[PDB]
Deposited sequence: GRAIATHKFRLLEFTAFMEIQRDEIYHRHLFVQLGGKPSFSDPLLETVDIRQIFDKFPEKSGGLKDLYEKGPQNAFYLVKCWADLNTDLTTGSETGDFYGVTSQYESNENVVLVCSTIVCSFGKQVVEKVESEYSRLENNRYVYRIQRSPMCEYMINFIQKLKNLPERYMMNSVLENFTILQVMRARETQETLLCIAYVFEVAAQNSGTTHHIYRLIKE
């Protein structure tokens, strides 16, 4: 599970919704909710200036860092978005930064924040239907227009996403997730592997 002793990811769903008259359809691109990966193997696929993956890892806590290898389902819109849910044993203002990277450099940054709701003695945070940026929508559409999955995976070799979840008051890293993608096979849904990031 993507979790520390104090904070955890409960769900991460990236999707598209379509409404045509009395027919609704929702398509899931990615849906979350362990083996290890040496983080030095991925440093050059993410920004490495101040506040980069290396900087964040050194500051710690090192147990909050994960790498997700996802096979995104492109077999399928009115709305492209992401809904996520988190839990904490401390009352923080959750700040989620999502960095869309190409060639290891930021091309889009999304910043969102959520106040807590006390439910069953825990603090729950829900980022409801966060709209995908136009870069991501156009990227999905252009990848889908490629005639073969092998070209899609080659293009994806230079694409990554980094999510950094922080407590607003202290600026501490609560969780950090690096994402690498391939496209799911035609007869398969979205699947993934989750890895802890360590130094070997």
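K.L.:
Against the full deposited sequence, which stretches does the structure leave out?
P.N.:
No C-alpha for residues 1 to 2, 36 to 44, 88 to 95.
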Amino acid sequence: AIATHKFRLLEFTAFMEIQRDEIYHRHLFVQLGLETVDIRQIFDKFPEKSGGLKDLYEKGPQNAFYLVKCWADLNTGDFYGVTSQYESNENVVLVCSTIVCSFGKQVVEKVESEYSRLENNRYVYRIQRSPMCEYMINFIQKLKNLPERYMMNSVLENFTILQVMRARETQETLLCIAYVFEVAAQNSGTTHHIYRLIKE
From here on, numbers count along this sequence of modelled residues.
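K.L.:
Mean CA temperature factor from the deposited coordinates, higher in 122 to 130 or in 104 to 112?
P.N.:
On average, C-alpha B-factors are higher across 122 to 130.
K.L.:
On mean C-alpha B-factor from the PDB entry, just flag whether 133 to 141 or 41 to 49 is the higher one.
P.N.:
It is 41 to 49.
K.L.:
For the listed residues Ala14, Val180, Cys176, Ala185, which one has the largest C-alpha B-factor as given in the deposited model?
P.N.:
Max CA B-factor in the entry, restricted to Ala14, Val180, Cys176, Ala185: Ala185.
K.L.:
Using the B-factors in the PDB entry, rank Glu35's C-alpha atom against the chain and give the third, lowest, middle or highest.
P.N.:
Its C-alpha B-factor, which the entry lists for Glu35, ranks in the highest third among residues of this chain.
K.L.:
What third of the chain, by the recorded C-alpha B-factor, contains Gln85?
P.N.:
Middle third by C-alpha B-factor.
K.L.:
Among the modelled residues of this chain, does the Cα B factor of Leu156 put it in the lowest, middle or highest third?
P.N.:
Lowest third.
K.L.:
How does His27 rank on Cα B-factor within its chain, lowest, middle or highest third?
P.N.:
CA B-factor rank for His27: middle third.
K.L.:
How does the C-alpha B factor of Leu162 compare with the rest of the chain: lowest, middle or highest third?
P.N.:
Lowest third, going by the recorded CA B-factors of the chain.
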